[PDB]
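Heads up: the structure comes next, in structure tokens.
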Amino acid sequence: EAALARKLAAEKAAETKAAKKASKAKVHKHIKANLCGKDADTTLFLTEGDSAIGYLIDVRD
Amino acid sequence: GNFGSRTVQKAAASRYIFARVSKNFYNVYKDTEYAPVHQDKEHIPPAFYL
DNA sequence: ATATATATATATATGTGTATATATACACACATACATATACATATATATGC
DNA sequence: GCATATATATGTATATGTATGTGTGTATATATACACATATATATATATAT
């Protein structure tokens, strides 16, 4: 019990770059626009189903 | 239907997809009644085609 | 002065739909890389040598 | 005061040996989370009353 609590205290307080505001940039499935985040006419597409992901990237802006 | 592109590789499920024989089959495959019939009786296709 | 009678929105659950995902064996015979270390050359320097 | 010499320390560049593939689909199965409603049920919260 003291050993498992010691390993919890050991690998709990570690690591660097603790800047947690976006662990993953957008979503894996998300198509991030090039002028996203800044002032433009930047338009998001909320499609249904990941099998629709074909041809979305190809002829979008 | 949707068949993907160069940029995506995982094809979708069967539920949106229609298919039919192409003409290029008929360009390169002909005379298929002479195909060598397979040694198993319930192997209803032959060994191979022409 | 708390025991209990009682009332009422919690938990499946049914079937229909509509959509996801995931652990593995297969094997070459390379592909890219992951560090990696390691031995050796040479530089400078400084402290010995004179 | 100055030759010098060699020693070792760190670049460095390659050559080792591994390590991770995933390849690219076939193949095997399984899991997931929601919307549509009444019908009970249950369990515990409040009143009261002596």
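In the structure tokens, each chain is lettered A, B, ... as it comes, each chain's residues begin at 1, and ligands are numbered from 1 in order of appearance.
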Contacts of range 7-23 of chain D at 12 Å or less, counting only C-alpha atoms (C1' of nucleotides), minus same-chain residues fewer than 2 places along, as a PyMOL selection string? (chain C and resi 26-46) or (chain D and resi 5+25)
Mind dumping the selected residues with N, CA, C and O atoms (P, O5', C5', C4', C3', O3' and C1' of nucleotides) as a short mmCIF file (atom, residue, chain, number, x, y, z; two decimals), in the first residue's frame?
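Writing the result to again.cif gives the following:
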```cif
data_model
loop_
_atom_site.label_atom_id
_atom_site.label_comp_id
_atom_site.auth_asym_id
_atom_site.auth_seq_id
_atom_site.Cartn_x
_atom_site.Cartn_y
_atom_site.Cartn_z
P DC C 26 1.81 -15.08 -36.26
"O5'" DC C 26 1.65 -14.84 -37.83
"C5'" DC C 26 0.68 -15.59 -38.56
"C4'" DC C 26 0.37 -14.93 -39.89
"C3'" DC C 26 1.57 -14.30 -40.57
"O3'" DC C 26 2.19 -15.25 -41.40
"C1'" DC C 26 -0.44 -12.96 -40.78
P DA C 27 3.78 -15.23 -41.59
"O5'" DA C 27 4.00 -14.20 -42.79
"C5'" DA C 27 4.95 -14.49 -43.79
"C4'" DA C 27 6.06 -13.45 -43.86
"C3'" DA C 27 7.02 -13.40 -42.68
"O3'" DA C 27 8.35 -13.08 -43.12
"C1'" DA C 27 5.79 -11.35 -42.85
P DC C 28 9.24 -14.13 -43.97
"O5'" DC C 28 8.86 -13.83 -45.49
"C5'" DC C 28 9.76 -13.14 -46.32
"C4'" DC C 28 9.26 -11.75 -46.67
"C3'" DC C 28 10.39 -10.77 -46.94
"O3'" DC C 28 10.55 -10.59 -48.34
"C1'" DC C 28 8.89 -9.89 -45.25
P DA C 29 11.71 -11.38 -49.13
"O5'" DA C 29 12.75 -10.23 -49.53
"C5'" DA C 29 12.40 -8.86 -49.40
"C4'" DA C 29 13.28 -8.19 -48.36
"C3'" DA C 29 14.27 -9.12 -47.63
"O3'" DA C 29 15.70 -8.71 -47.78
"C1'" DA C 29 13.17 -7.71 -46.11
P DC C 30 16.24 -7.32 -48.43
"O5'" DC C 30 15.66 -6.15 -47.51
"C5'" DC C 30 15.71 -4.80 -47.94
"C4'" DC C 30 14.32 -4.17 -48.00
"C3'" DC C 30 14.31 -2.67 -47.88
"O3'" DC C 30 13.08 -2.20 -48.38
"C1'" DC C 30 13.27 -3.51 -46.02
P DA C 31 12.91 -0.69 -48.88
"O5'" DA C 31 11.62 -0.17 -48.10
"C5'" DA C 31 11.67 -0.02 -46.69
"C4'" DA C 31 11.21 1.37 -46.29
"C3'" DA C 31 12.22 2.47 -46.51
"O3'" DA C 31 11.55 3.71 -46.56
"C1'" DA C 31 12.13 1.86 -44.20
P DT C 32 12.35 5.10 -46.63
"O5'" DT C 32 12.38 5.59 -45.11
"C5'" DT C 32 11.16 5.62 -44.38
"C4'" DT C 32 11.41 5.90 -42.92
"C3'" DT C 32 12.46 6.97 -42.63
"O3'" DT C 32 11.90 7.94 -41.76
"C1'" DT C 32 12.89 5.02 -41.35
P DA C 33 12.77 9.16 -41.17
"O5'" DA C 33 13.24 8.60 -39.75
"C5'" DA C 33 12.30 7.91 -38.93
"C4'" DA C 33 12.97 7.19 -37.77
"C3'" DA C 33 14.03 7.99 -36.99
"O3'" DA C 33 13.94 7.66 -35.62
"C1'" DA C 33 14.89 5.95 -37.58
P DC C 34 13.04 8.50 -34.58
"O5'" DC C 34 12.81 7.44 -33.40
"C5'" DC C 34 13.45 6.16 -33.47
"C4'" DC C 34 14.36 5.94 -32.27
"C3'" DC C 34 14.98 7.20 -31.71
"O3'" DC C 34 15.37 6.96 -30.37
"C1'" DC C 34 16.68 5.90 -32.63
P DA C 35 14.72 7.81 -29.17
"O5'" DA C 35 15.99 8.20 -28.28
"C5'" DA C 35 17.12 8.81 -28.88
"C4'" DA C 35 18.29 7.85 -28.95
"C3'" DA C 35 19.63 8.44 -28.49
"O3'" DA C 35 20.13 7.91 -27.16
"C1'" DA C 35 19.86 7.12 -30.45
P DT C 36 20.17 6.34 -26.71
"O5'" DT C 36 20.94 5.56 -27.87
"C5'" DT C 36 21.85 4.53 -27.59
"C4'" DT C 36 23.25 4.90 -28.07
"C3'" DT C 36 23.86 6.17 -27.43
"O3'" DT C 36 25.15 5.87 -26.91
"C1'" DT C 36 24.28 6.11 -29.71
P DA C 37 25.34 5.35 -25.40
"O5'" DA C 37 26.28 4.06 -25.56
"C5'" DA C 37 26.32 3.34 -26.81
"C4'" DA C 37 27.61 3.62 -27.56
"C3'" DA C 37 28.67 4.37 -26.75
"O3'" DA C 37 29.95 3.87 -27.05
"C1'" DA C 37 28.33 5.47 -28.76
P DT C 38 30.55 2.56 -26.35
"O5'" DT C 38 31.31 1.86 -27.57
"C5'" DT C 38 31.06 2.30 -28.92
"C4'" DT C 38 32.27 3.00 -29.53
"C3'" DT C 38 33.33 3.43 -28.51
"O3'" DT C 38 34.63 3.32 -29.08
"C1'" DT C 38 32.62 5.31 -29.68
P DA C 39 35.77 2.47 -28.33
"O5'" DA C 39 36.71 1.95 -29.51
"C5'" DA C 39 36.28 2.03 -30.86
"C4'" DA C 39 36.95 3.17 -31.61
"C3'" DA C 39 38.35 3.57 -31.12
"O3'" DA C 39 39.15 3.90 -32.25
"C1'" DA C 39 36.97 5.45 -31.14
P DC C 40 40.75 3.82 -32.18
"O5'" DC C 40 41.20 4.61 -33.50
"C5'" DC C 40 40.20 5.20 -34.34
"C4'" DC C 40 40.40 6.70 -34.47
"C3'" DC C 40 41.77 7.24 -34.03
"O3'" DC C 40 42.15 8.31 -34.90
"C1'" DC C 40 40.11 8.40 -32.93
P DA C 41 43.69 8.51 -35.34
"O5'" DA C 41 43.62 9.69 -36.42
"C5'" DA C 41 42.34 10.19 -36.88
"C4'" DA C 41 42.18 11.71 -36.72
"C3'" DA C 41 43.46 12.54 -36.59
"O3'" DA C 41 43.24 13.85 -37.15
"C1'" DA C 41 42.18 12.77 -34.61
P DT C 42 44.46 14.79 -37.62
"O5'" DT C 42 43.91 16.28 -37.40
"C5'" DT C 42 42.74 16.51 -36.60
"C4'" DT C 42 42.96 17.58 -35.53
"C3'" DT C 42 44.35 18.22 -35.46
"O3'" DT C 42 44.24 19.51 -34.83
"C1'" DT C 42 43.96 17.09 -33.47
P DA C 43 44.16 20.88 -35.66
"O5'" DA C 43 43.35 21.85 -34.67
"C5'" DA C 43 42.57 21.27 -33.61
"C4'" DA C 43 42.68 22.06 -32.31
"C3'" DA C 43 43.71 23.17 -32.27
"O3'" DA C 43 43.33 24.11 -31.25
"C1'" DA C 43 44.42 21.40 -30.86
P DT C 44 43.85 25.63 -31.25
"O5'" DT C 44 43.46 26.14 -29.79
"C5'" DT C 44 43.01 25.21 -28.81
"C4'" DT C 44 43.95 25.16 -27.61
"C3'" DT C 44 45.01 26.26 -27.55
"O3'" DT C 44 45.27 26.61 -26.19
"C1'" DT C 44 46.05 24.16 -27.52
P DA C 45 44.35 27.64 -25.37
"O5'" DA C 45 44.27 26.94 -23.94
"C5'" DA C 45 44.53 25.53 -23.82
"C4'" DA C 45 45.88 25.28 -23.15
"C3'" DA C 45 46.71 26.54 -22.85
"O3'" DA C 45 47.18 26.50 -21.54
"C1'" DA C 45 48.03 24.94 -23.97
P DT C 46 46.31 27.12 -20.33
"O5'" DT C 46 46.52 26.03 -19.17
"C5'" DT C 46 46.95 24.70 -19.51
"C4'" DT C 46 48.43 24.50 -19.21
"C3'" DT C 46 49.13 25.68 -18.52
"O3'" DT C 46 49.95 25.21 -17.47
"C1'" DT C 46 50.36 24.99 -20.38
P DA D 5 59.14 18.36 -29.70
"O5'" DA D 5 59.16 17.45 -28.39
"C5'" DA D 5 58.66 17.98 -27.14
"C4'" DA D 5 57.45 17.19 -26.64
"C3'" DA D 5 56.77 16.34 -27.69
"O3'" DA D 5 55.99 15.34 -27.06
"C1'" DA D 5 55.33 18.08 -27.11
P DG D 25 -5.00 -1.04 -48.87
"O5'" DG D 25 -6.29 -1.91 -48.49
"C5'" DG D 25 -6.29 -2.80 -47.38
"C4'" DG D 25 -6.06 -4.23 -47.83
"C3'" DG D 25 -7.26 -5.14 -47.71
"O3'" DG D 25 -7.05 -6.28 -48.54
"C1'" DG D 25 -5.69 -5.78 -46.14
#
```
Check: which chain C residues lie within 12 Å of chain B using only C-alpha atoms (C1' of nucleotides), as a ChimeraX atom specification: /C:18-20
Interatomic distance between CA of residue 11 in chain B and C1' of residue 17 in chain C? 22.9 Å
DSSP helix (DSSP H, G or I) residues within chain A, listed as a PyMOL selection string: chain A and resi 2-12+50-53
With only C-alpha atoms (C1' of nucleotides) as the counted atoms, please give the residues lying no more than 12 Å from range 38-55 of chain A, apart from itself and same-chain residues fewer than 6 positions off, as a list in words.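 The residues satisfying every condition are residues 26, 28, 29, 30, 31, 32 and 61 of chain A; 1, 2, 3, 4, 5, 6, 7, 8, 9, 10, 11, 12, 13, 14, 15, 16 and 17 of chain B; 18, 19, 20 and 21 of chain C.
One distance worth recording is that between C1' of residue 45 in chain D and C1' of residue 1 in chain C, which is 15.7 Å.
Close contacts of residue 50 in chain C, defined as residues with an atom at most 12 Å away when counting only C-alpha atoms (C1' of nucleotides), with chain neighbours fewer than 2 positions off set aside, comprise residues 48 of chain C; 1, 2, 3 and 4 of chain D.
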Residues at most 6 Å from residue 38 in chain B, counting only C-alpha atoms (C1' of nucleotides), excluding those fewer than 2 positions away in the same chain, as a short mmCIF file (atom, residue, chain, number, x, y, z; two decimals) with C-alpha atoms, in the first residue's frame?
```cif
data_model
loop_
_atom_site.label_atom_id
_atom_site.label_comp_id
_atom_site.auth_asym_id
_atom_site.auth_seq_id
_atom_site.Cartn_x
_atom_site.Cartn_y
_atom_site.Cartn_z
CA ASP B 40 -14.29 -29.19 -56.21
CA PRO B 46 -13.86 -22.12 -62.17
CA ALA B 47 -10.14 -22.30 -61.40
#
```
